[PDB]
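This document starts with one chain, in the form deposited in one PDB entry, laid out as structure tokens.
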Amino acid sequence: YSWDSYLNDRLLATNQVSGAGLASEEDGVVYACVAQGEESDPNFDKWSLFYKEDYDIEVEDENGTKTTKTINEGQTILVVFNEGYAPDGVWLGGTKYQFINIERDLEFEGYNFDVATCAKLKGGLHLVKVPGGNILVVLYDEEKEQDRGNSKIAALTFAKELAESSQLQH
């Protein structure tokens, strides 16, 4: 597909998320995305929310020790599903999110899902493994009448649609 159409009609049309993308499970790199930017900003760059090439960050531990870490953003998404923790945080689009929770085999209306949630200032994201070996990335923005609970139901509802038609395979 051109996944943009689909993401917009099925997910962004809800008004419950600020953005949505698909990542490959192989590298965790978002390859299709939409952002509610629209009003909003018309020269708004949706990719700015979802993609950023490898960069170094400076970290200071409690000791006062300063190190550099090279952030590969996709990898920070894979570590949460692969290991169940985030040694560096989850980074997306240059923004740091805090890993709050992972729920494996969460039951949503007939289907099971691995779903992770991370937080930023006045927002966050949900990550859901969906078929085709994809990760669904959903953003929410508390300044836009969105919240963590409703964006997650919205992410799960979209994942269920994908899981259902993935089972028409003929």
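Here the rigid core means the biggest group of C-alpha atoms that line up within 1.5 Å when the two forms are laid on top of each other. For every residue, the number given is its place in the sequence shown, counted from 1.
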(request) Compare the C-alpha B factor of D41 with those of the other modelled residues in its chain, then answer lowest, middle or highest third. (result) highest
(request) Ordered by C-alpha B-factor within the chain, which third holds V115? Give me lowest, middle or highest, please. (result) middle
(request) Grab the CA temperature factor for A86 from the record and place it in the lowest, middle or highest third of its chain. (result) middle
(message) How does the C-alpha B factor of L162 compare with the rest of the chain: lowest, middle or highest third?
(response) lowest
(request) Using the B-factor values recorded in the entry, state whether the Cα atom of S24 falls in the lowest, middle or highest third among the modelled residues of its chain. (result) lowest
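Although it is not shown, the form deposited with a partner chain bound is what the next lines describe.
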(message) Check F108 for me: does it contact its partner chain in the bound PDB entry (non-hydrogen atoms, 4.5 angstroms)?
(response) no
(message) Whether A154 contacts its partner chain in the bound PDB entry should be assessed with a 4.5 Å heavy atom distance threshold; does it?
(response) no
(message) Taking its partner chain as it sits in the bound PDB entry, is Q36 in contact with it (heavy atom to heavy atom, 4.5 Å or less)?
(response) no
(message) If we define contact as a non-hydrogen atom of the residue within 4.5 angstroms of the partner, is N134 a contact of its partner chain in the bound PDB entry?
(response) yes
(request) Compare C-alpha positions between the shown form and the other one after fitting on the rigid core and state which of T68, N101, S40, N112 moves by at least 2 angstroms. (result) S40
(request) Quick one: in the bound PDB entry, is the Cα gap between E39 and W47 smaller or bigger than here? Answer closer or farther; it shifts by 3 Å or more. (result) closer
(request) Please say whether the CA atoms of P42 and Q146 come closer or move farther apart in the bound PDB entry, knowing the change relative to this form is 3 Å or more. (result) farther
